[PDB]
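Right, one structure below, let's go through it.
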Amino acid sequence: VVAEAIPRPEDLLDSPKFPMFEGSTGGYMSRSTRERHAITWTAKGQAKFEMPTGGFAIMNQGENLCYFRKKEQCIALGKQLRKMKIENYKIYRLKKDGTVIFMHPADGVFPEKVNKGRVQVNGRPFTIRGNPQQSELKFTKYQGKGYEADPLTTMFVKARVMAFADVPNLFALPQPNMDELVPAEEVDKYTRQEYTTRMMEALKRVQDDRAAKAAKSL
Amino acid sequence: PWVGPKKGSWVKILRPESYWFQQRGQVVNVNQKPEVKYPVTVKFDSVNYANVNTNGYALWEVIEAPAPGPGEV
Amino acid sequence: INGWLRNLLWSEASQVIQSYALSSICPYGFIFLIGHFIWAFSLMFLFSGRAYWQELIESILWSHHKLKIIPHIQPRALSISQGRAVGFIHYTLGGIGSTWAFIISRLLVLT
Amino acid sequence: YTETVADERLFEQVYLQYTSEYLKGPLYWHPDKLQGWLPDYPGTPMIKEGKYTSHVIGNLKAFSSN
Amino acid sequence: XXXXXXXXXXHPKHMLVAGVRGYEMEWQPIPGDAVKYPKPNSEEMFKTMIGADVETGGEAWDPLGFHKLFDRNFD
Amino acid sequence: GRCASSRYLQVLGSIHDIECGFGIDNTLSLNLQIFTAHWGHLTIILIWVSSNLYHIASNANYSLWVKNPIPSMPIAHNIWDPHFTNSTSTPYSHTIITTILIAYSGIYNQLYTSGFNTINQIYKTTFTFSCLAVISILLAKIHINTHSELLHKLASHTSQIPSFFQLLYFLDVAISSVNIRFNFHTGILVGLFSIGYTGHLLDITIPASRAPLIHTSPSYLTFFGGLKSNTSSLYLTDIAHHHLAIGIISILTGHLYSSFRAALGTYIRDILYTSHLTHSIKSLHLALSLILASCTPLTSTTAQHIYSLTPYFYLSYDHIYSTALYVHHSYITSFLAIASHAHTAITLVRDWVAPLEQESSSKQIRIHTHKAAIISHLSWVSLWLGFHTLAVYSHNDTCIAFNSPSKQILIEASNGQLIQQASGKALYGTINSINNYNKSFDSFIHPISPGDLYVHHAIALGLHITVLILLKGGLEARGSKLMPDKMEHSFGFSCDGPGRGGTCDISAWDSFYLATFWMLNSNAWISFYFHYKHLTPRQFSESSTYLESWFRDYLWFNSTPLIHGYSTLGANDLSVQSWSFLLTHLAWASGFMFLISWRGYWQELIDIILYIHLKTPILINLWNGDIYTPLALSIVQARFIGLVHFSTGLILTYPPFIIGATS
Amino acid sequence: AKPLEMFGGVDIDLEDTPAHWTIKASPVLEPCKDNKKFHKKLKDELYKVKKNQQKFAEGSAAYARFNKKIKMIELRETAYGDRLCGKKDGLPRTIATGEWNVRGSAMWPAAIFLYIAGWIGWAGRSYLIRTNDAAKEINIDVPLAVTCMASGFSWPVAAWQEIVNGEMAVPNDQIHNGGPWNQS
Ligand code: CLA
Ligand code: CLA
Ligand code: CLA
Ligand code: CLA
Ligand SMILES: CC1=C(/C=C/C(C)=C/C=C/C(C)=C/C=C/C=C(C)/C=C/C=C(C)/C=C/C2=C(C)CCCC2(C)C)C(C)(C)CCC1
Ligand SMILES: CC1=C(C/C=C(\C)CCC[C@H](C)CCC[C@H](C)CCCC(C)C)C(=O)c2ccccc2C1=O
Ligand SMILES: CC1=C(C/C=C(\C)CCC[C@H](C)CCC[C@H](C)CCCC(C)C)C(=O)c2ccccc2C1=O
């Protein structure tokens, strides 16, 4: 798809592409706004239509060009044109510098028609109820945005919910020994792979002690 | 080999967010493609707020319940 | 504004407010009370949205379905436009009735 | 082979069944697993077998029923 | 021939009710009270219980159906 | 891109929602911010106390009111307003003397009962409370520094093992610990504070109320009853003994949980785990909800028992103090009651983890399983009460308008009368077994009539409906049939669109917004009941079974002095009351447009106004609107602003009426 | 020791006997036929209506209608004589203690209303059960509707027989419980 050369509306006064329209106060507010949206189309007959900004208009038998402040007005006019069996209309966003961005028929095929090369953006692979609970994701990446969680996080919190209901079989986290641990950070033994072995043996000692203590009055 | 409930067989809806959760509705058709995630199509006598009386459910959301009976949803 | 409140809505409302058991003006006092009730009743429709009432209706419909009482004309709360219309109608009717009683009872007593 | 929705659901079930058992163990360390949180205190199990354990009655755990 | 649904795509149904443990747990250990999992059998065992006699019929005499209320508790 | 005019409202709508802060990353920051805010709030309270004490000391007449309290009137503070007449004399001043305001708070009786005799003592008290405000702010700074020092001590902290990260959860153990807090609150802050106040009474209050006596002997602890005849208040000896008993009981109770040692006391978690609870006690919203639900019975009983059993000297002799205190505390407790439900709903939205679908273990789970039954039965009882109270009131109104007072339906309040008879028999048996009998209990038991029965049914209706709205909002905050994803959204959000039938007022915050109107209405009913029975018990007892009596013999009749305040005949000392009356009517009606008229109309109106501004010669060359773009208030902001206007009008319209009617 | 002054006006029975459990033994109330306020109120009613009557002509129809109204008022005075009214208002009271045997008791109206209200609800429920269609709710099957309306008289027995036999209630797992509160 080739973007056209839509000029800035303040530099294209009196263009032959402009349809005959009455002109109202509803048009884009100059002297305060510099971002304009332009919609172009090619018609077959001078059929009267309604401008999104109040007032009616008559197309041209050839090319047409209109400028609007908002993309919504351009899309409304596009739907109105498409109701009149007028395809091949393109909607551009004009930056303040004059950069032309091609917006509505982005890949050249209207969004209601399946086109190859598209990928489901903002897709979630479950029913809407499958979203994780907001309470589970507190102070994580998804603090108040449980609907933004990746499906792996949703499954992880679901498994956590499943686990944290069998209370008797849970493992209480041992209380840290603050007074005798906690040396200066430079005082470490390195041996990271040995540190997990130390984790294993210390947790084994904790579990054995807990079992021995429980097997006294239980 | 047919998969899912038979056509015209009543099923109880197990989708928690469904308007017809724990209600019953006739099975219109079951899509036989294994790639379809929600193949079971169920129609209901009671329309939801969108005035739609039919919806497609997953294979694990219909339990083949008996007929509703007199004065029973 | 205090003059309007005191010498018009209070002093000149003595006829309508003290109109019980008085032969001609009993209905005007009662209608004054009813107009106040209807005007305040309109505020329930004016201030509230239909989603709360829809959820409450569903909660009640649970109890109805429990006892095999199924209304097949499914109970739905009033549409938003209808809620506004009902609120406006009750508001204007109640206020008009309040003024109506207030002016008519006083002029009937004085004459 | 292509990953049907049934196969994805099977992976969901396998993952959940494994992880729900793994997180109960001594290798997950969640704040909800602290003392005073959901899990029982280390040497003082309160409810086992759906019966009040002897540790419920505190210092009376050593007392005889008679 | 209807294919059997695999356990992966099976259903939970609603056999798990408020009177019993859920997916996997144990109920609260209440002291002497209603304990254990209830099952509907009142009326059936009421038709085997003795006490009915010829003064009122000869079968299990219970107008008002006070026996059956246990069986209804589930409904 | 930047913001619009709605930024101010958006920010101020969550200005204290510390959970919604952007820099806050952990419970440590949240808890420390909350603790510091608590310190600042305590400083504000202390400064307010010192303020009242100062103004009583400086711009007031405590030294003269204490001498002749029954006919005298206290002074709140002077009036310095340049808008008054620089000539003549205002109705609030004795000619050339300064302008004053009569205090309707009740601090004069409080200080008189507590043992104040001189202005100098009040001045020293003001100084001490300002000192305490300084101390509170310095404690805030101290604790901020101590927690930052722990954080810095994590620069010299490592467990030499991968379990070192466990220390993340214990950094705010100072604030989040529950057993120590419960033990020390219930013991020290309650029991020993009561015991210290008993000491204060025995050392000052009882010595500075009667002739000199023995060295504060244990005869200062009496068990008389109520309403000492001369001062028409509770015996100070009885009050000291009551505080002593409460202190001893709470001191004993405060040794329950395991606070400082692991070898003494039971843990709260183990207490809950073996009961019908085991809730998520780490939620701050849950704790806030259940302590607001605790301050509510306390404040409601404060309102009831300040009036029924007046504890302060000559408090019953003030016709305005007794009504103002009751109405104030009733409104405070209504606000706290609705707060408890609002924060329960916020707890369910934000800080509650639920099982998969069927594990009926949590109490909230069991409540949610049959929430429809709860709401349906609450709706049924609300409908019954409303139907049968309004219909009987309508019967009485119609049959009394038709010259037939004897055709009314007057259900004699037999159950309340039986309770009163039992309590009166108990009290009379207590009194008859005394060598110092002939005691009085003031309004502990009051004449109960059919009007009382109907008003109590109306109050029960209001409470039922308020609880209905709040409970429905809490239970369906996480999802209803209409919107089965409500826990994915915020606690307060605009709507769910016009489709699916229309979804205005769907959030749990909208349920709170609807319930606040019913809270205000129920409180208005309670306050009207109390004030009407206070003004004329006889006329209330006879003519209060028909609503026209409430409309005429109370509202229309008792509003005479207030409207006459300022007129074209002169002004009274009720001029401020009448002016505030009209201003609060204007505020109440002004919030109707924020509630009735909704956003889109106004957004179009604002677009038109902005068109004008961008079209006016000089404005367009200075202000294009790109910086702080004016926009209409959002939907939730609009509902909240209308609610604020309505609440302010309804609440603040009443005190002028109370002052005009009683004074 | 004068409980009236001790409790600020209200008086207490001070006696524990079963004979005082009736409403008729209350010291607040008094039979209407010997109460001063009752006499004064109905005398004022008679006086006002009579004063209105004299304003009209003697032979007019309004005079006869006012005579009929006066007769109605006097009949009301003599009919409420056995009804209990307070010793200070004179307005007769309604008894809501379940007495069943006093003038103005609420037991008889309660029983009558409960019967007819259960009748209405049972007729509606029967019609809804026998017409399981929306078309039958907008276009009422009048013969079936009146059949159910007549059949509703036996509701206190049929409803209980359905309650105990499992034909009124439905298990919660067959109707929509409500909105989901969890899933993750
Ligand atoms: C008493 C309540 C009340 C009040 C005061 C207003 C006020 C207003 N409404 Mg409104 N409205 C209300 C109720 C009310 N409404 C209700 C119940 C509804 C039903 C939905 C509406 C529906 C409605 C619509 C649909 C429209 C309005 C409009 C207006 C505005 C036009 C009038 C105007 O500009 O005067 C000025 C405003 C005043 C309040 C006059 C008094 C001003 C004070 C006395 C003087 C200044 C005070 C001084 C500066 C003190 C400073 C403040 C202090 C902090 C220092 C105005 C802001 C219209 C509008 O905005 O168009 C322009 C409009 O379109 N209203
Ligand atoms: C709980 C207290 C309470 C409440 C809530 C109400 C509620 C109501 N009363 Mg009311 N009333 C009460 C107590 C109360 N009454 C008592 C105790 C009395 C003494 C008997 C009265 C006497 C009374 C009378 C005599 C009247 C009402 C009216 C009304 C209705 C006004 C509705 C409306 O839209 O007004 C909108 C308000 C206005 C349009 C303004 C009218 C009031 C002000 C003072 C007029 C001043 C005009 C002035 C030139 C400035 C106007 C500004 C302009 C821009 C609008 C409403 C039903 C009135 C009614 O039916 O409608 C007006 C009416 O006629 N009441
Ligand atoms: C939803 C129903 C409901 C509710 C919430 C209340 C609430 C209240 N009533 Mg009350 N009352 C009701 C129905 C209700 N009433 C009915 C139907 C009657 C009979 C006419 C009464 C008669 C009554 C009297 C005489 C007194 C109260 C009082 C009170 C207050 C104190 C609580 C108390 O003792 O009540 C008692 C508890 C109940 C009444 C609960 C019963 C609920 C059932 C379901 C209502 C229906 C019963 C049914 C009609 C019986 C039919 C019998 C028939 C088969 C023969 C409280 C505000 C007292 C009061 O306010 O004094 C200041 C008081 O003295 N009530
Ligand atoms: C077949 C008719 C019928 C039956 C059996 C019931 C039965 C019930 N309703 Mg109900 N209801 C009905 C119609 C009916 N309703 C209608 C038409 C409405 C719309 C106004 C409601 C609105 C309603 C609410 C808002 C609530 C109930 C509640 C309840 C339950 C408690 C009893 C109660 O509050 O009654 C009181 C009933 C009313 C106040 C509604 C008015 C009664 C209508 C007018 C009767 C209509 C009958 C119908 C015309 C019969 C025609 C028969 C003919 C065709 C042959 C109970 C299960 C409550 C609940 O769930 O608590 C458990 C509750 O909060 N109902
Ligand atoms: C709200 C807030 C807060 C606060 C509060 C407060 C606390 C306040 C205060 C206020 C205040 C508290 C104020 C004050 C003021 C004061 C002043 C203003 C003073 C002045 C003085 C002076 C100036 C002095 C002088 C002198 C000297 C120097 C010495 C000698 C003497 C003389 C006098 C000469 C907080 C923190 C919570 C936070 C948030 C916000
Ligand atoms: C209360 C309320 C409802 C619920 C109210 C409903 C559904 C009204 C319908 C109830 C019946 C059908 C009305 C029939 C008339 C009454 C039963 C009796 C009126 C006459 C009596 C005096 C006899 C809404 O649906 C609603 C929607 C949008 C905004 C606000 C609201 C709103 O405030
Ligand atoms: C009146 C009204 C408005 C208009 C009110 C607006 C746009 C805001 C009015 C603000 C007033 C005029 C004060 C403006 C503030 C001052 C300029 C001071 C500025 C303070 C900041 C610098 C913080 C709405 O936008 C609206 C939206 C939705 C439902 C109902 C309504 C509604 O009723």
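Residue numbers begin at 1 in each chain, while the letters A, B, ... track the order of the sequences. Worth knowing before you read on, the calculation uses all heavy atoms, side chains too, and leaves out hydrogens, waters and symmetry mates.
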Looking at residues at least two apart in the chain, or sitting in another chain, which of them share a side-chain hydrogen bond (donor to acceptor under 3.5 Å, both in side chains) with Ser18(B)? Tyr57(B)
Would you kindly say whether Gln28(E) and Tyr273(F) are connected by a side-chain donor-acceptor distance under 3.5 Å? no
Non-neighbouring partners of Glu58(C) that pass salt bridge (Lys or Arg N to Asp or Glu O under 4.0 Å), sequence neighbours left out: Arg76(C)
Partner set under ring-ring contact (aromatic ring centres under 6.0 Å, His included) for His457(F), not counting sequence neighbours: none
To the nearest 0.5 Å, what is the distance between OG on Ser54(D) and NZ on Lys48(D)? 12.0 Å
Out of curiosity, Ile73(C) CD1 to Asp133(G) CG, how far, rounded to the nearest 0.5 Å? 9.5 Å
Would you check, one step at a time, whether the test side-chain contact (heavy atoms from CB on, under 4.5 Å) holds for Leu356(F) with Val161(A)? CA-CA 7 Å; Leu356(F) 296 318; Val161(A) 167; 3.7 Å; yes
Smallest separation among heavy atoms of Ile13(B) and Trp20(B), with atom names: CB-O, 3.1 Å
How close do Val27(B) and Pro5(B) get, heavy atom to heavy atom, and via which atoms? CG2-CG, 3.8 Å
Test of understanding: with side-chain hydrogen bond (donor to acceptor under 3.5 Å, both in side chains), list the residues that count as partners of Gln183(G), not counting sequence neighbours. none
Just to verify, what does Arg130(G) make a salt bridge (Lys or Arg N to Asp or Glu O under 4.0 Å) with, not counting sequence neighbours? none
Run the side chain to side chain donor-acceptor pair (under 3.5 Å) check on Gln364(F) and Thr347(F) step by step: do they pass? CA-CA 11 Å; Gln364(F) 292 86 353; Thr347(F) 303; over 6 Å; no
Parallel, tilted or perpendicular: which fits the ring planes of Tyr115(G) and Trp119(G), with parallel below 30° and perpendicular above 60°? perpendicular
Between OG on residue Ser480(F) and NZ on residue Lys472(F), distance to nearest 0.5 Å: 6.5 Å
Should the pair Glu162(G)-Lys68(C) be classified as a salt bridge under the 4.0 Å nitrogen-to-oxygen rule? no
Quick one: does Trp2(B)'s side chain get under 4.5 Å of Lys7(B)'s, heavy atoms only? yes
Under 4.0 Å between a side-chain nitrogen and a carboxylate oxygen: does that hold for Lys24(D) and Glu21(D)? yes
Any idea which heavy atoms bring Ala123(G) and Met149(G) closest together, and the distance? CB-CA, 3.9 Å
Mind listing the closest non-hydrogen atom pair of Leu218(A) and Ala214(A) along with its distance? CB-O, 3.3 Å
Can you list the steps and then say if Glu357(F) with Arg129(A) is a salt bridge (charged side-chain N to carboxylate O under 4.0 Å, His left out)? CA-CA 11 Å; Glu357(F) 199 56 48; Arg129(A) 190 52 279 163; over 6 Å; no
Evaluate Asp45(B) against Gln26(B) for side-chain contact (heavy atoms from CB on, under 4.5 Å), listing each step before the verdict. CA-CA 9 Å; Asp45(B) 54 354; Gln26(B) 295 230 345; over 6 Å; no
My understanding is that only residues two or more places apart in sequence, or in another chain, count here; which of them pass salt bridge (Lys or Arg N to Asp or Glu O under 4.0 Å) with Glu99(G)? none
Cut-off 3.5 Å, side chains only: do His14(E) and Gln174(G) have a donor facing an acceptor? no
Return the minimal non-hydrogen interatomic distance between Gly479(F) and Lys486(F), and the atom names on each side. N-CB, 3.7 Å
Hey, does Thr54(B) have a side-chain heavy atom less than 4.5 Å from the side chain of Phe44(B)? no
